Each structure stands twice: as C-alpha cells, then as structure tokens.
Amino acid sequence: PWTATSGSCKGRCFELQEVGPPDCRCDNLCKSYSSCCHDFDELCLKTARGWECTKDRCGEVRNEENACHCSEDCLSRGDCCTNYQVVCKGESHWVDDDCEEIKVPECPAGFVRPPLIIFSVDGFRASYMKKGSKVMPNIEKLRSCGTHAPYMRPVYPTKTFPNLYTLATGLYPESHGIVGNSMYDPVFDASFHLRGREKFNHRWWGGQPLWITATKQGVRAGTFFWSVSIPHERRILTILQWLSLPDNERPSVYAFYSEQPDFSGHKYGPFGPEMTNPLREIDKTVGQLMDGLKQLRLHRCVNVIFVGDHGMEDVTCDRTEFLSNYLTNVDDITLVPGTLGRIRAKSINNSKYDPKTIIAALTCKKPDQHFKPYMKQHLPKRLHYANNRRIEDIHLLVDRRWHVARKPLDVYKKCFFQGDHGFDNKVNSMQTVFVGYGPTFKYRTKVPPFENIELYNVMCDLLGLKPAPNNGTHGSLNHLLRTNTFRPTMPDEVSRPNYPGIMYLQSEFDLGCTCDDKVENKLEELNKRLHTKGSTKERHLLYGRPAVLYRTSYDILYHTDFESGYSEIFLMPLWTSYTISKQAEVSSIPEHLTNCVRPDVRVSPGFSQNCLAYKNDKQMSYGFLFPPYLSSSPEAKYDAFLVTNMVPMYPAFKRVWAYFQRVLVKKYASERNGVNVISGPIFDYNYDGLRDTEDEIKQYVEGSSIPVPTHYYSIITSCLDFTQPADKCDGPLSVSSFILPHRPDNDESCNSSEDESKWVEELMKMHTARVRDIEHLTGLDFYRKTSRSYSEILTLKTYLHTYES
Ligand SMILES: *[C@@H]1O[C@H](CO)[C@@H](O[C@@H]2O[C@H](CO)[C@@H](O[C@@H]3O[C@H](CO[C@H]4O[C@H](CO)[C@@H](O)[C@H](O[C@H]5O[C@H](CO)[C@@H](O)[C@H](O)[C@@H]5O[C@H]5O[C@H](CO)[C@@H](O)[C@H](O)[C@@H]5O)[C@@H]4O)[C@@H](O)[C@H](O[C@H]4O[C@H](CO)[C@@H](O)[C@H](O)[C@@H]4O[C@H]4O[C@H](CO)[C@@H](O)[C@H](O)[C@@H]4O)[C@@H]3O)[C@H](O)[C@H]2NC(C)=O)[C@H](O)[C@H]1NC(C)=O
Ligand SMILES: Cc1noc(-c2cnc(N[C@@H]3Cc4ccc(Cl)cc4C3)nc2)n1
Ligand SMILES: [Ca+2]
Ligand SMILES: [Ca+2]
Ligand SMILES: [K+]
Ligand code: NA
Ligand SMILES: [Zn+2]
C-alpha cells in the first residue's frame, strides 16, 4: 500500500479524521501504518525541554519548538506543560487538594455534556490498588474519592485485544470476533497476529465500538488507539489540546492507553521488585492528566474511568506442558499455545485427523496434568467461548501459573519471562481494576465486583448514547451513578400458563411405567386438594413465577413441596421451584419406590414422557427435578415420582445430580439459613448461549419425542442477611447458580472413580453461572415479584459466585 509521504502535517498534528491512502497521515495511528507525512516527527512529536515547566521558563517568550509551553499565552493556546500553573502560578497539584464531592458538573461555558476520558492500563492486576497504594497517590485519590470496585472481571481469554474490544463493545469475544491475540479465520483463510498488518483489516472487528456509537449519534470521539512510539506525555498533551478545540470541533469522549504495567509484568512477574517503578510512572501520568484538567477548569466537569484489561500471574518457561508428551501424531496438529490452547488439523487434506483420539490422548493422562482438554461446546457456559468459527473445536484450559506448548523446542527457539495472563477469567490473578470519578459517578462509593461486558452501557449512559445491542444487562450498574441512570421495564411475559386440574383417569395412560402406590381420610383429603391448587405456593415460589419470554404451551403444576412450569412441547418442566428450610430433613427413596413413575392426571398421555423409551434407550436413564430425598412427608414423596417431574439423565450425570440433590441442597440450606432452588433443563445444541427451538435439538430419548438437555441448571437463592430464613427475607438476596453439562461420562473429572464427596462439588464450582446466563439459555425471566428495586435485581442476575479465596 503506497503513501505519498511528501505531504505535510503542518496545522494537522493529531488530526481527528484519518485520510485515505495514498495521502499521508498526521493522526495518532499513522506510525502503525508506516504512513505519517515526512514532517510528522518534527511538527507533531516535539521533545525539546521535556515535559515540565521550571521557574526559569515561567513567562518565557513562546518557542514553538518546545514539547510544551510555560509562556503567558499557553492556557489560551491549550498547550501548557501540565504542571504550568503549579510551577508558575502558585497552584497545587490536583492530588494535593482535599476530596470535595462533585454534586453537579462544573463545566466551562460551551460544554454541552461532561466529557468522558477512559484511562486504560494494560495488565493492571486488581490487587495493585492495595499492594501499590503507597506509590500511586493520584490513582488512590481517584479510587477513594470516586466510585470503585474491589475488582472487575475480564472476559476469557484474559488477553489484551479480546478485553479492550469487549470494553469498547459490551460484547463477548465470541460475538465481537476478537477471540485471541492470535486467530485463523477459515472462511477468509486469513491469520490475525499482534505483529503485522492483517490485524488492521476491519473484517476482524465486529459489533459497534463506543467511538462509532458516539459518532453515529452526533457525539464526537478522540481516536482511541495510540502508536507505541508516541510517549505517554504526548498522549496526555494531545488529549488536553483536543479539549481546547472549539465547541463544534471538540470531542466528548477520549481514551488514553498505557502498555504498562503489562510490559514489565511479563518480564518480572506481577510482584517483581522491578514493578514499583512502572506503577509510579502510571501514577505520574494520571497526575499530568488531572493537573492538566485542573488548568482547563475541567477537573470537576470530566468523568474519568480508570480501567484495566486483565491482570498478571507468575508463569515461568519451566512450567510448560508439551503436547509431544501426550500425542503420537504431534506433527499433524496446529496449536495456538500459551495460557490457553486451541487445536486444529495442520492440513484439511489429512483424512486421518480425528478430534476424538486427540481429546482422549489429552484426558487425565498424567497425575498432576496442568491443562484440561475440552470440545469448545463443553467449556463452562460462563466463559461464553464457543460460537465463533475462529474458535477451534478443541480447547485446552490451562491451569494458572502454567503454559502449554506443542514441543520443547517451541519454548527455547522462540528462561526469559516471569509473568503471563490468558487464563480462566474467574482466576484471582487475572482480575483487573475499575474506578469512576466525576460528576456522574457517586462520591466515596464502593460497588461490588462486576464484569467488564457491563461498562459499554455505562459509557453510553455517561455520553447520552443509546447503546448498540450488547451482552451487558443495562441497569445492572446503575448503583455506580449519581445521575444518567437507565431505568428499564421488566420484559413482558409472552406465554401465559395453563392451570390444569384433574382431567385424566389412570387407565388412559399407557406409558409403560409402574409404581407401588396403591395405599389408601377426609382430614388429609381436603389438604391434598388445597396443595394441588397452590396452598403452599407462597413457600416454594418466593420471587413470583418465572416469566416465559417466547411463544410456547405450558402448565403450572402445584404440589406440597414444589411448583413447576411444565412444557407440553419439550415434555418436561422448564423450571421447578422449591424451598428447603434449615430444619428440613433428608430421607431415602424407599425400597418399594426405587423404579416408581406415576402418571400425572392433570397432563394428557400425549403430553407426557413414557418409561418404555427409557427402558429401550440403553444409554439414557432418568432423574427428577424436585428431589425425592427432600420430601416433607412420606405421603408428599409420591408427588416427586410424577412423570411430569422426570427428566432424561445419562447414568454418569445421575451420579452428579443425585449427590447435588441428596447432600448439597441440604448443606446449602444449613449454611444459608434455608434456600430456594429453581432447577431445570437447558438445550443449547448450537452452543450460541441462547435457548434452542425444537428444530435445533440433535438428540432424543431413543424412539421418542423426549428431547435430551445439553445442561441442567439450578438457581439457589437465600437472604443476604442469613439471620433471616430464605422464606422470610425482608432485604437483599444472595444467589449462587450453576449450569452443569449433561455428559454421558465424567471424563472432565479426573477423580470421578472416587466418592462424589471428592469431585462433584469441584465440578459444580467450575460450572458456576449468572442467573442472566440461565435467562439467555432458557428464555425465562426470574425474580419478577420481590420487594427489591429492579436495578438491584439486575445486579443480582449478573452476580457470579466465583469460589476463589
Ligand atoms: C451477545 O450480544 C449479541 C449482540 O446482541 C448477540 O448477538 C446477536 O445475536 C443474534 C442471534 O444469534 C444475531 O442476529 C442475527 O443477525 C443476522 C445478521 O447479522 C449481521 O448483522 C448484524 C447487525 O449489523 C451484525 O452485528 C452481525 O455481526 C456478526 O457477523 C459478522 C460477520 O458476518 C462479525 O464480524 C460479527 O463479529 C458478528 O459475528 C457474530 O455473530 C454471528 C451471527 O450474526 C455469528 O455467526 C458469529 O460466530 C459471531 O458470534 C452480522 O454482520 C441475521 O441474518 C440472523 O437471522 C437469521 O436467523 C433467523 C432465525 O429465526 C431467521 O428468521 C432469519 O431468516 C435468518 O435465517 C437465515 O439465515 C440462516 C443463517 O445463514 C440460515 O441458516 C437460514 O436457513 C436462513 O437463510 C439473526 O438475527 C446478531 O447478528 C448477533 N450480533 C452480534 C454482534 O454478534 C448475542 O446472542 C449475545 N450473547 C448472549 C449469549 O446473550
Ligand atoms: C502495538 C499495540 N498493541 O496494543 C496497542 C494499543 C492498544 N490499545 C490502544 N488503545 C485502547 C483501545 C481501547 C479500547 C477500549 C477502550 Cl474503553 C479504551 C481503549 C484504549 N492503543 C493501542 N498498540
Ligand atoms: Ca493486555
Ligand atoms: Ca442455542
Ligand atoms: K435406559
Ligand atoms: Na473421570
Ligand atoms: Zn500481556
């Protein structure tokens, strides 16, 4: 691509509209494209006399060659050194001023809205805010005076370009398309890398990033990307100069980026003694910006976000696993290596390549194996890492502190490095930072940790923009904001339930089921009638019926111990809701009821499962959504064996489910002072994170229309103040949820030959989920009827229980 570098940057330095080749460029990215005009360094990257005013420069004659000015005309030109008022005019550094609440924007005449400045730092691990506090006074003041989270959760993989582009779009990497720092797109037949020019091609970058959302809605944006050779001081000066533009030309949104502390963290590890200086230098850059804003009378006008992309872990060349120690055929694969693995065939002409044999050769083969293979559809759903053709079918999830590589020579013909990142985004070392400071943010406010996919919505709220469709939950971060909150309405219910009564005689059913239940009292007869009409429903359905947000046919079924929403289309519940008090007792399935399945006289035979299909299907068994172990009485236990409570389960999966139901539910009720459980199936055969329609289901119980779930979920809710029982909670709630994969083996669990007490809870913790994850996968809307604010409930639905110490 040819450039006419003989043009000039005169009057165009850091121009905001980029110009078309062959014309030469003067914008903050021209260096990256080898396209700057011949005089860009001379005019636009001045360095003379450095970055600071000194007493002797005060009131100097302007010399246009100087990097920044200390002349009397510099404030009107907008090009003072950032410490000009401190050195020359007796002013204090911003960091030395007391924190004073910004109740309203205090903006210069002609400012239509508070500008937003995003100050992005690469590799800034969450714990640096505490561990580095003594050397980061400007950042500690933003943090203590503004709104801060103890940490912000990045997206997987915890790499730079996936995370920065998620910050910009509100999208998961599988949706925006930047699924790694390295990628092959088989449709394009094209490779994306950190080095080189392919990564500039727009076809890689999907969604709508914030600078485009702004520009389309009439809000002007600074260019967010900076060529690496532009010094940080010059990036700050360029932002301050843009903020001095005339009102009609001046952007409202800006970004600064620092390559530190990531650059040093790779060399020295996250807490290497060499890491103090990079933290001090980032802090000094924040101080330049804040002093510069104070000079422009913008320090009580601009909203500042201080945010990282990911953290940093200790990783050394010696902690590398080699695929050459597992695979015979190592020359027949291409590996994307490091802190994750992605595997595909080296040649699409090789008809000997078999993913199943590769997976099996990588599965629990060495006792302390430091990675686990997955077909991407079997990855924890909370990673949202499958629905992109750029994500290879075979994935390796690498243990924190480790790498994977194809063969040893890859590690020494490429130890050097002491830090790296990329691992599972629930890993503590990978967590990063969020601070918001300014008029629109709250004052001296802590907020709970949240995910970086939520920030795009908030940045849109700060700018008065309608966000493009994204994976945030708009409103979930309203508690960060003083004003500009977004006040969503609950989605409208699409399908109303049927409330069937007794409509069928037992002999109408030819389901091939049997139950030893022929055992016969007017006291207990009215009572069973009241329980079937919903007399215990306020105990077992604590937060209202889930709303069904798509068109379908389903029945509400009431029972003593549980309530369900029973799909006549999928022949099983969409949800089953029950409450277990701290005092509840566990019981056995009585010997005479081991194989008991009972026709439900409220549901037609034609909308029922049948036991014959399970008998004939030699791979598939069944379980129950409401656990028979937690029946309130022997009489109530018969309800748990209704055919309307049965769901298809592989034997291997029933090991996990029966341990959850028999041991773990009661443990959680004990620990949390009661729990409310909502359980159900999920169908996601196209791994898009969204509810399947019936025509997407790939597997049925043999000989039947009974669809097989890809996953089983549970939502486990209790009172945040555990001095109140789950069923009498006046205040905020506490939730944990999971999305367990419905697999025919426990190959994921290397210790599965051992007692469930040694592996099942570990599996469940890996498959922890947000309620929102379950909403996407089911088309249900939970917590419709609480005493809590809708924004509070949205925050609850985005909560992830991480199980990190
Ligand atoms: C996270 O939030 C995001 C954003 O909301 C959610 O993603 C949305 O999900 C929708 C459902 O999966 C999806 O809607 C589809 O849009 C199709 C048009 O798509 C283009 O236009 C939009 C708007 O500008 C654009 O954003 C799209 O961008 C994608 O594709 C480009 C490359 O083409 C990428 O650069 C970009 O990164 C992005 O890729 C991602 O999404 C695509 C799917 O669009 C994936 O395949 C990628 O892997 C990656 O994840 C596009 O440029 C529209 O055509 C669809 O409608 C079809 O389906 C319905 C089914 O009923 C049918 O009625 C229609 O007739 C049509 O069917 C016909 O085509 C079928 C497929 O060829 C065919 O099989 C049939 O037989 C028919 O011929 C559909 O509406 C929307 O695009 C995305 N948007 C984004 C940004 O990803 C996401 O779900 C959220 N995640 C969670 C878990 O909640
Ligand atoms: C070489 C090289 N490798 O990386 C970079 C680089 C990375 N990032 C930026 N700017 C970021 C992009 C972004 C996205 C979203 C938000 Cl909210 C803020 C920001 C600022 N500039 C350059 N140059
Ligand atoms: Ca990074
Ligand atoms: Ca799906
Ligand atoms: K069977
Ligand atoms: Na196993
Ligand atoms: Zn890095």
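Here the structure is shown first, and the text comes after it.
Novice: Which parts of the structure should I look at to understand the state of the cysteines?
Specialist: Here a disulfide denotes a covalent bond joining the sulfur atom of one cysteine to the sulfur atom of another. Inspection of every chain in the model, using the stated rule, returns 15 disulfides. With its sulfur 2.1 Å from that of its partner, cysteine 68 forms a disulfide with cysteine 81. Every disulfide takes its handedness from the sign of the S-S torsion; for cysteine 68 and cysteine 81 that torsion is 95°, giving right-handed. One end of the pair, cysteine 68, is in the loop between α1 (40-44) and α2 (74-77); the other, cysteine 81, is in the loop between α2 and α3 (84-89), with 13 residues separating them in the sequence. Each member of the pair, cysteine 68 as well as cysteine 81, carries the same accessibility label: buried. Paired through a disulfide, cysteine 99 and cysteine 145 show a sulfur-sulfur distance of 1.9 Å. The sign of the 75° torsion about the S-S bond sets the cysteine 99-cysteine 145 disulfide as right-handed. Of this pair, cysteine 99 sits in the loop between α3 and β1 (116-122) while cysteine 145 is found in helix α5 (residues 137-145), placing the two residues 46 residues apart along the sequence. This pair shows no difference in class: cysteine 99 is buried, exactly as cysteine 145 is.

Novice: I tried to follow helix α15 (residues 522-533) on my own but got confused; where do I start?
Specialist: Residues that lie three or four places apart on an α-helix share one face, since the helix turns once every 3.6 residues. Between its terminal C-alpha atoms α15 stretches 17 Å, which fits the 16 Å expected from twelve residues at 1.5 Å a residue. Phi turns positive one or two residues past the end of α15, at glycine 534, with a value near 105°.

Novice: Looking at this structure, how should I read the site of ligand 2?
Specialist: Around ligand 2 sit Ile118, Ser120, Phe161, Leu164, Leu167, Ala168, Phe224, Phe225, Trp226, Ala255 and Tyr257, and those are all the residues in its vicinity. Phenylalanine 224 is positioned such that a nitrogen or oxygen atom in its backbone is 2.8 Å from a nitrogen atom of ligand 2. In the complex, the protein chains occlude 84% of the 530 Å² of accessible area that ligand 2 would expose alone. Of all elements in the fold, only β1, α6 (160-169) and β6 (253-261) reach the threshold of two or more residues within the shell around ligand 2. No other element matches the four residues that α6 contributes to the shell around ligand 2.

Novice: Is there a simple way to think about the site of ligand 1 in this case?
Specialist: What surrounds ligand 1 is a group of 13 residues, the closest being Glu174, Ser175, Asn387, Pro469 and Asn471. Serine 175 has a polar backbone atom sitting 2.7 Å from an oxygen atom of ligand 1. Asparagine 471 places a polar side-chain atom, nitrogen or oxygen, 2.3 Å from an oxygen atom of ligand 1. For the shell around ligand 1, the element with the highest residue contribution is helix α7 (residues 173-176), accounting for three residues. In terms of residue class, the shell around ligand 1 is made up of three nonpolar, eight polar and two charged.

Cut-offs used in this document
- Residues numbered from 1 in each chain as written, not as in the entry; some residues may be left out.
- Chains lettered and ligands numbered in written order.
- Heavy atoms only, no water.
- Residues with missing side-chain atoms left out of burial classes, pairs and counts.
- Disulfide = S-S within 2.5 Å.
- Helix = DSSP H or I, 4+ residues; strand = E, 2+ residues; numbered from the N terminus.
- Buried < 20%, exposed > 50% of the residue type's maximum accessible area, 1.4 Å probe, protein only.
- Expected span 1.5 Å × (residues − 1).
- Near = heavy atom within 4 Å.
- Polar contact = N/O pair within 3.5 Å; in protein donor to acceptor, adjacent residues only side chain to side chain.
- Areas by Shrake-Rupley, 256 points an atom, 1.4 Å probe, with all protein chains shown as cover.
- Nonpolar A, V, L, I, M, F, W, Y, C, P; charged D, E, K, R; others polar.

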